[PDB]
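**Student:** Chains as they are written, first to last, in the entry's author numbering: chain B, 2 to 104, 112 to 143, 152 to 268; chain D, 2 to 104, 113 to 144, 151 to 268; chain A, 2 to 104, 113 to 142, 151 to 268; chain C, 2 to 103, 113 to 143, 151 to 268.
Once you've had a glance at the structure underneath, I'll fire off some questions.
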Amino acid sequence: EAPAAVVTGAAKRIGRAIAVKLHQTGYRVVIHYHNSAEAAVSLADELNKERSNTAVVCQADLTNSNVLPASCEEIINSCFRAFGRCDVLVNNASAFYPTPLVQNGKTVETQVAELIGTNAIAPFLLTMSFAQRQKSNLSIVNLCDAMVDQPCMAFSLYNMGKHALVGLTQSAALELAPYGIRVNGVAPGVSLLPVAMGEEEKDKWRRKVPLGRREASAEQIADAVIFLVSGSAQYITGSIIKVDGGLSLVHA
Amino acid sequence: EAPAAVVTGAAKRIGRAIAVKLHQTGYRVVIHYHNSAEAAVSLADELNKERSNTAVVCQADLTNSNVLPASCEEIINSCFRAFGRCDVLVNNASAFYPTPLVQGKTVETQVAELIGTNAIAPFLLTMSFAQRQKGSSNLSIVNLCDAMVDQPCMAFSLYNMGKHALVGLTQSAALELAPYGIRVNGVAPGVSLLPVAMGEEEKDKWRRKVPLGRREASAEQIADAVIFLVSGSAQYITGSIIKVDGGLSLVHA
Amino acid sequence: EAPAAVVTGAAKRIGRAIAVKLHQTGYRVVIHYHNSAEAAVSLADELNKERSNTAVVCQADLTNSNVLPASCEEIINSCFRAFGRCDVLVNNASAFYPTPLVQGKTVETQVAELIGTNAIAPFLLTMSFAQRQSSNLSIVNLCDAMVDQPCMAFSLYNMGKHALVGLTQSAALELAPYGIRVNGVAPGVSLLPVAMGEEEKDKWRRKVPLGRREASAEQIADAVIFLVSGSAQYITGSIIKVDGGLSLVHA
Amino acid sequence: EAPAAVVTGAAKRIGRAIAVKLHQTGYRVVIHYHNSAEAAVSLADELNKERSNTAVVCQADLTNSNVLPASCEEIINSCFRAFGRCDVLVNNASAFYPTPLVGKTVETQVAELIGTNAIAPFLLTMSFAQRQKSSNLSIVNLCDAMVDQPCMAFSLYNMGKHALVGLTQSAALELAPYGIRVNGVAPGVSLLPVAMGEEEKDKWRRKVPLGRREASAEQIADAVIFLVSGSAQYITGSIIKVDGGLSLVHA
Ligand SMILES: NC(=O)c1ccc[n+]([C@@H]2O[C@H](COP(=O)([O-])OP(=O)(O)OC[C@H]3O[C@@H](n4cnc5c(N)ncnc54)[C@H](OP(=O)(O)O)[C@@H]3O)[C@@H](O)[C@H]2O)c1
Ligand SMILES: NC(=O)c1ccc[n+]([C@@H]2O[C@H](COP(=O)([O-])OP(=O)(O)OC[C@H]3O[C@@H](n4cnc5c(N)ncnc54)[C@H](OP(=O)(O)O)[C@@H]3O)[C@@H](O)[C@H]2O)c1
Ligand SMILES: NC(=O)c1ccc[n+]([C@@H]2O[C@H](COP(=O)([O-])OP(=O)(O)OC[C@H]3O[C@@H](n4cnc5c(N)ncnc54)[C@H](OP(=O)(O)O)[C@@H]3O)[C@@H](O)[C@H]2O)c1
Ligand SMILES: NC(=O)c1ccc[n+]([C@@H]2O[C@H](COP(=O)([O-])OP(=O)(O)OC[C@H]3O[C@@H](n4cnc5c(N)ncnc54)[C@H](OP(=O)(O)O)[C@@H]3O)[C@@H](O)[C@H]2O)c1
Ligand SMILES: Nc1nc(N)nc(NC2CC2)n1
Ligand SMILES: Nc1nc(N)nc(NC2CC2)n1
Ligand SMILES: Nc1nc(N)nc(NC2CC2)n1
Ligand SMILES: Nc1nc(N)nc(NC2CC2)n1
């Protein structure tokens with residue numbers, strides 16, 4: 002039977018490109034989403050029209066809280082309920098906004121919980137449930161960030177979250193290797209910029225990229241995910257592949 | 002007059018060595034602690050006997066919660082209320098225990122303790138530190160990281176994530192606070208003082224792995240690096256993390 | 002027509018797997034070799050049998066010397082002479098032996122072999138590659162996942178491989194505006210040396226988290242292939258470890 | 002008796018600050034130099050005037066060649082011959098100039123950039139260690162905070178410095194059992210010459226988060242002194258950046 006993947010925040014942009022390419026490759030997918038219900042359900046309908054009963058949606062807030070463990074356990078469960086298995090987990094869902102150390113109107117506790125939750129704690133709880141329920153080509157891939165060591169100004173909690181994700185990637189690769197589960201990452205630099213991003217705001221970041229002076233397409237990021245879930249990456253674990261067009265190599 | 006430092010989890014071991022060496026260099030210290038009240042107060046007594054009105058304690062749980070911002074603000078406030086200033090912050094307090102992904114604390118609690126103490130508390134401490142400064152000294156922060164974060168212990172995933180996060184704060188905060196004159200750096204031990212309840216056989220197993228001396232670092236050795244980072248000899252150093260590991264991270268499996 | 006690749010030290014083991022997998026995907030290959038002439042020609046014969054006029058050999062010492070630039074120029078030239086083009090360069094050739102700091114080769118020779126093959130040849134090859142330029154041009158450098166946790170007494174090897182990391186980054190940066198991508202593949206324990214004891218091979222194997230076994234040469238070639246493919250067209254400056262978790266294990 | 006250090010390229014700028022600062026802490030210094038004879042001798046004079054018989058000069062080209070091993074052995078010998086001991090070695094001498102991949115020859119570009127930044131440091135380390143085979154022995158290597166985000170067209174330089182990182186780790190590992198520590202100090206922008214363009218110097222200074230300015234040579238030397246000091250007795254294989262946050266700034 003066909004394998005199954007969970008992709009978090011999979012309704013739009015890069016998560017969608019991931020889920021669609023996995024689907025194109027023959028996976029059944031669970032499309033996790035948070036606020037993007039229309040796009041999530043429109044996407045699962047598109048994929049089910051191509052192959053009946055191959056896409057399902059699952060809503061969940063991945064903000065850290067007393068209930069996050071249960072939410073993540075449920076996301077994994079949806080995959081098993083629908084498809085009877087879970088072969089792959091893509092941690093793509095991520096909050097990203099500035100959190101100045103020195104003075112949007114959220115509280116710091118809410119900043120902490122949204123940035124560290126989505127980027128690190130949820131990934132960890134998802135990995136925990138993924139692993140527990142494995143009772152093959154099993155693997156996890158985490159959406160990281162090529163610029164963690166040269167981070168954006170005032171994005172300390174985001175950056176802290178992505179660095180945590182790299183440590184989860186290494187820690188989880190180490191511990192789950194004996195269960196046959198590989199754990200790896202893909203680290204974009206500038207990929208899709210918000211549709212909002214005034215077309216010349218984009219170019220300020222686009223002009224910085226040595227390979228092409230353009231952002232990555234979502235499909236280019238997904239290509240790396242697909243490679244890491246594939247049988248061509250069977251020996252690869254604990255690895256994080258940057259797909260940044262050289263941007264992290266560019267000095268100030 | 003004399004500058005002041007906040008040292009978290011300062012009641013024993015490495016934190017204590019840091020607070021003692023900073024005191025010996027002329028700092029007034031706030032000795033934060035969580036459960037170690039008798040050691041915290043015994044230490045402040047010793048330092049105030051050496052120089053009156055130079056050491057104060059501050060109890061606070063740094064587990065993550067909706068009140069942790071408030072606790073961290075208070076820690077900083079206790080330094081200003083005692084000493085009228087806060088010149089350095091050492092983020093040393095840290096929970097450390099295994100959190101297996103698979104095969113009595115709840116995971117919510119495992120998360121809140123390991124991520125709180127190792128990362129979120131340091132972030133919040135740093136925010137309160139920075140907000141309380143003026144907008151005229153050698154202001155800096157030092158974070159106690161971990162040399163082994165890229166080759167971590169088996170089943171310590173939450174701890175490791177906390178330390179990696181600390182690394183990212185170090186960088187992020189160095190970048191953001193450099194314009195305020197506030198340097199931010201790290202010291203990354205390997206094996207320093209060891210558990211109370213591990214056998215000499217297991218302590219010897221870790222010791223044998225250290226290329227420089229086949230021995231763990233003394234707490235004073237770690238403190239030496241902190242002192243360097245706070246000193247005027249490191250005034251251009253920010254965003255840097257100094258490993259003090261006797262080569263242990265260079266040893267392959 | 003078909004693209005062409007240069008693969009250094011391609012006569013056996015990992016370089017052979019790279020050149021065969023490249024050939025299997027439709028590339029014409031230059032099989033560079035140094036001492037392994039019988040295996041080089043035997044491989045080019047096997048590939049030309051499968052597809053006539055698709056494999057050629059090229060002998061060259063990649064020890065550092067004042068003629069090394071010329072050797073590396075010739076390697077690239079062989080590719081253009083045979084196939085009219087050069088689309089891919091795989092820097093696989095490498096010397097590897099201990100060079101203790103507290104000690113039959115002289116140190117001048119240890120330096121020239123370990124630094125030349127693992128770093129300066131690669132640099133010179135990439136220069137020649139670049140100067141000689151629809152397409153998907155890229156370079157893949159064979160690095161080593163253990164550079165930060167190196168073997169005892171292999172300082173010149175390790176320096177070579179760390180230098181290869183730097184070329185990777187520096188070349189990626191500089192050649193990106195010419196459309197040329199530059200990336201690496203960093204094995205841990207892959208094929209073991211035939212002169213190793215089976216007992217000492219097993220000791221390294223038992224260290225690998227993922228399978229307690231060394232990588233096959235094919236498994237390394239897979240990652241090279243990915244990097245040269247159209248699926249990696251935004252990837253440059255990147256080095257992919259293929260080590261089964263070996264570098265994440267503490268002492 | 003006072004300890005002795007060798008500092009390479011010590012006639013001017015950062016090497017000079019290192020030597021001066023070591024001298025100020027009670028070391029006898031061997032001031033190595035290449036072309037800067039008048040500054041080397043003028044410095045040794047100043048230091049000897051302060052404390053008689055505590056500074057000596059030693060000329061050597063550190064470009065890679067057949068004779069580099071010998072030259073590096075002599076540099077170490079000059080310290081033993083003058084002072085009867087050698088306790089620290091600072092590898093500061095370095096060539097730095099562009100080497101585009103697309113008036114010197116490439117063979118000479120290779121020998122100067124890789125020799126000064128890497129191979130000489132290795133050979134010095136080898137001689138240092140062999141001559142040893151209370152006491153605080155260490156080596157400190159001048160690295161470069163920007164090796165992972167290198168300057169455009171400085172391939173060979175960057176390869177050199179990455180190599181130096183590798184030697185640092187490899188030597189730390191191998192020499193730790195002899196009690197010899199090996200560490201590095203990684204500047205970002207420190208002294209920029211007043212001959213370099215005010216616009217281009219301003220671009221660089223404006224990029225530094227901490228102060229919008231270059232490090233003084235003395236600030237770099239401070240980090241060297243820390244690492245040689247008894248306050249760094251457990252530190253080995255570590256490289257300390259002294260870059261004012263410059264390497265944390267994205268493009
Ligand atoms: N685009 C880039 O240049 C770039 C660069 C570096 C790294 N990355 C990484 O690549 C990934 C994908 O990037 P993207 O730009 O496609 O991401 P994005 O659009 O900003 O976010 C992806 C998804 O995250 C979900 N999300 C946000 N908050 C959530 C919450 N509290 N709970 C559950 N889900 C939540 C959203 O779901 P809903 O809309 O359904 O609410 C969203 O569709 C992320 O991991 C990101 O950090 C991207
Ligand atoms: N020892 C080592 O080999 C080693 C190795 C690598 C890195 N490090 C790093 O070096 C630092 C110091 O190490 P160490 O061994 O001295 O540390 P430790 O003894 O394990 O912990 C130091 C203190 O942290 C405080 N702490 C724990 N949980 C807390 C909480 N929830 N709220 C507030 N405080 C809490 C405790 O204070 P109370 O006792 O008062 O409760 C404890 O005494 C740590 O940052 C560590 O991660 C140490
Ligand atoms: N095998 C591993 O576990 C492993 C681990 C980490 C990294 N790697 C890296 O992966 C790549 C291939 O590894 P491998 O194990 O296949 O390597 P290998 O067999 O040791 O080397 C491949 C070829 O290197 C060539 N070579 C050696 N000295 C040369 C010289 N002076 N001039 C020109 N060519 C020379 C040889 O060519 P000839 O026989 O024709 O003379 C040899 O067949 C290398 O870059 C290696 O450093 C391998
Ligand atoms: N200044 C900076 O912003 C900066 C930034 C990053 C890293 N660094 C690193 O820090 C160190 C000191 O830098 P700096 O700028 O003071 O250095 P520098 O002026 O460029 O060079 C230092 C000395 O190296 C010696 N040297 C050059 N070529 C040589 C050769 N072929 N043989 C022997 N010696 C040779 C020269 O000595 P003679 O004058 O006697 O010929 C020179 O005075 C270097 O390791 C450097 O790469 C500096
Ligand atoms: N790094 C990152 N992380 C998230 N979650 N979202 C985004 N969106 C980018 C601004 C387009 N980027
Ligand atoms: N917080 C922390 N971090 C590490 N690595 N080790 C320790 N060890 C102490 C015995 C508890 N504590
Ligand atoms: N060139 C190279 N590099 C490594 N790491 N390993 C090997 N193994 C070959 C059998 C010696 N070769
Ligand atoms: N990185 C480096 N290395 C050397 N030797 N010299 C320099 N000089 C810079 C122009 C001040 N930079």
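Where a beta carbon is used, it is the ideal one built from N, C-alpha and C, also for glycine.
Just reading off the beta strand (DSSP E) that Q60 (chain C) is part of, what are its end residues?
**Tutor:** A56 to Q60 is the extent of the beta strand (DSSP E) around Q60 (chain C).
**Student:** Report whether the distance from the Cβ of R14 (chain C) to the nearest heavy atom of ligand 4 is below 7 Å.
**Tutor:** yes
**Student:** Which residues in chain D sit within 8 Å of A128 (chain B), going by Cβ to Cβ distance?
**Tutor:** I124, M176 and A180
**Student:** Where do the ends of the alpha helix (DSSP H) carrying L244 (chain A) lie?
**Tutor:** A234 to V245
**Student:** Using only the heavy atoms of ligand 7, determine whether one of them is closer than 7 Å to the beta carbon of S95 (chain A).
**Tutor:** yes
**Student:** If you measure between the beta carbons of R14 (chain D) and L208 (chain D), is that distance less than 8 Å?
**Tutor:** yes
**Student:** What do you reckon, are the CB atoms on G10 (chain C) and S95 (chain C) nearer than 8 Å?
**Tutor:** yes
**Student:** For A188 (chain C), collect the residues of the same chain with a Cβ closer than 6 Å to its Cβ; drop the 5 residues on either side in sequence, then sort them by chain order.
**Tutor:** Contacts found: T135 and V199.
**Student:** Residues in the same chain with beta-carbon distance under 6 Å from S79 (chain D), minus the five sequence neighbours each way, listed in chain order, please.
**Tutor:** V31 and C59
**Student:** State the DSSP-derived secondary structure class of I256 (chain A), mapped to helix, strand or coil.
**Tutor:** strand
**Student:** DSSP three-state label for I197 (chain A), please.
**Tutor:** DSSP places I197 (chain A) in the coil class of the three-state scheme, outside both helix and strand.
**Student:** Going along the chain, which residues of the region 250 to 262 of chain B sit with their C-beta nearer than 7 Å to a C-beta in chain D?
**Tutor:** Correct list: empty, as no residue qualifies.
**Student:** Using a Cβ-Cβ cutoff of less than 7 Å, which residues in the same chain neighbour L192 (chain B) once the five nearest sequence positions on both sides are dropped?
**Tutor:** Within the same chain, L192 (chain B) has close Cβ partners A139 and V199.
**Student:** Which of the three DSSP states, helix, strand or coil, is assigned to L123 (chain D)?
**Tutor:** Reduced to three states, the DSSP call for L123 (chain D) is helix.
**Student:** Can you give the Cα-Cα distance for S264 (chain A) and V182 (chain B), rounded to whole angstroms?
**Tutor:** 14 Å
**Student:** Quick one: measure Cβ to Cβ for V259 (chain A) and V91 (chain A), integer angstroms, because I've assumed they're closer than 8 Å.
**Tutor:** Not really, about 14 Å apart at Cβ, beyond 8 Å.
**Student:** Quick test of the definition: if touching needs 3 or more C-beta pairs under 8 Å, does the region 118 to 131 of chain A touch the region 68 to 75 of chain A?
**Tutor:** yes
**Student:** So the candidates are A:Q104, A:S43, A:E217 and A:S53; which of them puts its Cα closest to the Cα of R29 (chain A)?
**Tutor:** A:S53
**Student:** According to DSSP, is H179 (chain C) helix, strand or coil?
**Tutor:** helix
**Student:** Would you verify that the beta carbon of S151 (chain A) is, or is not, closer than 8 Å to some beta carbon of chain B?
**Tutor:** no
**Student:** Could you name the residues of the same chain whose beta carbon sits closer than 6 Å to that of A170 (chain A), not counting the 5 residues immediately before and after it, in chain order?
**Tutor:** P99 and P101
**Student:** Just to make sure I have the definition right: I need the residues of chain D whose C-beta is within less than 7 Å of the C-beta of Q166 (chain A). Which are they?
**Tutor:** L265, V266 and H267
**Student:** Please report whether the beta-carbon of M163 (chain D) lies at a distance below 8 Å from any beta-carbon of chain A.
**Tutor:** With 8 Å as the cut-off, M163 (chain D) counts as an interface residue toward chain A.
**Student:** Whose C-alpha, out of A:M176, A:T115, A:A238 and A:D88, is nearest the C-alpha of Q142 (chain A)?
**Tutor:** Among A:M176, A:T115, A:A238 and A:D88, the Cα nearest to that of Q142 (chain A) belongs to A:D88.
**Student:** Out of curiosity, what's the CA-to-CA distance linking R82 (chain A) and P204 (chain D)?
**Tutor:** 56 Å
**Student:** Hey, is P210 (chain A) close to ligand 7, as in C-beta under 7 Å from one of its heavy atoms?
**Tutor:** Result yes, Cβ under 7 Å from ligand 7.
**Student:** From this set, B:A61, B:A234 and B:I256, which residue's C-alpha is nearest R17 (chain B)'s C-alpha?
**Tutor:** B:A234
**Student:** Answer with yes or no whether the minimum CB distance from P131 (chain A) to chain B is below 8 Å.
**Tutor:** no
**Student:** CA-CA distance, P226 (chain D) and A268 (chain A)?
**Tutor:** 11 Å
**Student:** Per DSSP, which residues does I32 (chain D) bridge with? Please list them.
**Tutor:** In DSSP, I32 (chain D) forms a bridge with D:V8 and D:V58.
**Student:** Report the option in C:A128, C:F132 and C:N153 whose CA atom is closest to the CA atom of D161 (chain C).
**Tutor:** C:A128
**Student:** Do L63 (chain D) and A12 (chain D) have their C-beta atoms within less than 8 Å of each other?
**Tutor:** no
**Student:** Starting from residue 143 (chain A) and walking both ways along the beta strand (DSSP E), at which residues does that stretch end?
**Tutor:** Within the gap of chain A, which runs from 142 to 151, lies residue 143 (chain A), and it has no coordinates in the structure.
**Student:** For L44 (chain D), list the residues DSSP reports as bridge partners.
**Tutor:** Beta-bridge pairing links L44 (chain D) to no other residue.
**Student:** Could you name the residues of the same chain whose beta carbon sits closer than 6 Å to that of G254 (chain B), not counting the 5 residues immediately before and after it, in chain order?
**Tutor:** Excluding sequence neighbours, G254 (chain B) sits near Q186 and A189.
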